[PDB]
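What follows is one structure encoded as structure tokens, with my remarks underneath.
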Amino acid sequence: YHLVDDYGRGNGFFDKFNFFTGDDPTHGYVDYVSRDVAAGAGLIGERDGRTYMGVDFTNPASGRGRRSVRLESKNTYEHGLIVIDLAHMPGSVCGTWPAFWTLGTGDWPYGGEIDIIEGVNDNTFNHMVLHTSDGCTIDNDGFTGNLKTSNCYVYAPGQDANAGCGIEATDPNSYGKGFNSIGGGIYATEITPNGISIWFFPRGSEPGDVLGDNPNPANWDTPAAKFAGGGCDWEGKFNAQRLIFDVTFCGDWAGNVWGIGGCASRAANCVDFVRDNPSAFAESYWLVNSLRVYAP
Ligand SMILES: OC[C@H]1O[C@@H](O[C@H]2[C@H](O)[C@@H](O)[C@H](O)O[C@@H]2CO)[C@H](O)[C@@H](O)[C@@H]1O
Ligand SMILES: OC[C@H]1O[C@@H](O)[C@H](O)[C@@H](O)[C@@H]1O
């Protein structure tokens, strides 16, 4: 692998993304704002060299939701290695639904979708998921995570609508609260015509070449999640992928599972909570040390 795109930091970093302002596709109680508004609301910026991207934790919400940002990269990649080093990620905050993921070109889910970092509410473990068109199942081996669903098809017969094929990390510091308590870590995602692999290196355990110019995933520890096998035409299920950063609220996942999890005691429903308790979302922010993409 050789470097092809270093996102840098601060404004140079944001220059490489488009700010999504449309209604939330996942129907969350969120108000995605433009770059200027976000900048004017302290939603984006730099923090001691780290790139900051958060949500409104000051004002009571109104309109379509609590303000946040959803960044989608201008550049796209189809084969390569995506390495993100985070000092902080949106916390395990009730009502929130953060995600660092990739989305293919064309109509979803035909171009494929890779959720590298995702979770909802007070989740402890991270979920790594693939969302694809029909005809793509993965094998159960080659990774340290716990396999939940093996059919990547968004409307797979035996799984919840759009659960996709998901693998749950076993390290409680792989997401939100625990992740932030150790100062974060690194998530490396490899896309090849033979499958996808995702490695999570908690702060201090990353290999010597992961942040360098010529990383070689071949000599690394077993990945946390691996999607491969003859049950999928890996090449055809995924096309050029663009990177996406976002934090939504409630909606199809977080909002739907609000009443059965540990947040049910915060309020009758997710929206009421997110609307009236701004101070609860102070931890809902990303803090990027670096974002680099490589190619074979
Ligand atoms: O992971 C199990 C969980 O899946 C939920 O569907 C989510 C999916 O997990 C997520 O990766 C994707 O981005 O959004 C879909 C739709 O919200 C499902 O709603 C849950 O019931 C299920 O427990
Ligand atoms: O934003 C990417 C896609 O995400 C999916 O979860 C939504 O259902 C689609 O409508 C949307 O196009």
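The analysis underlying the following values was restricted to heavy atoms, covering all of them including side chains, and did not include hydrogens, waters or symmetry mates. Numbering of ligands and ligand atoms starts at 1, following listing order. Counting from 1, the numbers follow the sequence of the chain as shown.
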Close side-chain approach of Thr21 to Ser34, heavy-atom, < 4.5 Å = yes

For ligand 1, the portion of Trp101 having any non-hydrogen atom under 4.0 Å away | neither

Atom 1 (O) of ligand 1: closest protein heavy atom, distance to 0.1 Å, is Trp253 CZ2, 4.1 Å

Just heavy atoms, cut-off under 4.0 Å: does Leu103 contact ligand 2 by side chain, backbone, both, or neither?
-> side chain

Can the SG atoms of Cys152 and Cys232 be said to lie under 2.5 Å from each other?
-> no

Below 4.0 Å from any atom of ligand 1, is there a heavy atom belonging to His131?
-> yes

Does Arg203 come within less than 4.0 Å of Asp85, counting only side-chain N to carboxylate O?
-> yes

Any idea which atoms of ligand 1 are less than 4.0 Å away from a heavy-atom of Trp97?
-> 13 (O), 14 (O), 17 (O)

For ligand 1, which part of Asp160 has a heavy atom less than 4.0 Å away: the side chain, the backbone, both, or neither?
-> side chain

Of the protein's non-hydrogen atoms, which lies at the shortest distance from atom 8 (C) of ligand 1, and what is that distance?
-> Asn162 O, 3.4 Å

N/O separation below 3.5 Å, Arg70 to ligand 2 = yes

Residues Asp209 and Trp220: side-chain donor-acceptor under 3.5 angstrom = yes

Is the distance between the ring centroids of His131 and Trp101 less than 6.0 Å?
-> no

Consider every N or O of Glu118 and every N or O of ligand 1, then say whether any pair is closer than 3.5 Å.
-> yes

Qualifying residue for ring pair (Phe, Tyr, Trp, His ring centres under 6.0 Å) with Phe245, from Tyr52, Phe14, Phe17 | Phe17

Side chains of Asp56 and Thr58: do they bring a donor and an acceptor to under 3.5 Å?
-> no

Atom pair CG/OH of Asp6 and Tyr294 - distance to nearest 0.5 Å | 7.5 Å

Identify the closest protein heavy atom to atom 19 (O) of ligand 1: which residue and atom is it, and at what distance?
-> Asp252 O, 4.0 Å

Could you list the atoms of ligand 2 found under 4.0 angstrom from a heavy atom of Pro25?
-> 1 (O), 11 (C)

A student checking ligand 1 against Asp115 at a 4.0 Å heavy-atom cut-off should list atoms 11 (O)

Give a yes or no on whether atom 10 (C) of ligand 1 lies under 4.0 Å from any heavy atom of the protein.
-> yes

In terms of heavy-atom contacts, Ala87 and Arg50 come closest through CB-NH1, 3.5 Å

Are the sulfur (SG) atoms of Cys270 and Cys94 separated by under 2.5 Å?
-> no

Given that the side chain starts at C-beta and the backbone is N, CA, C, O, which of these parts of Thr26 lies under 4.0 Å from ligand 1, counting heavy atoms, or is it both or neither?
-> neither

Closest non-hydrogen protein atom to atom 12 (O) of ligand 2, residue and atom name please, with distance?
-> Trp108 CB, 4.0 Å

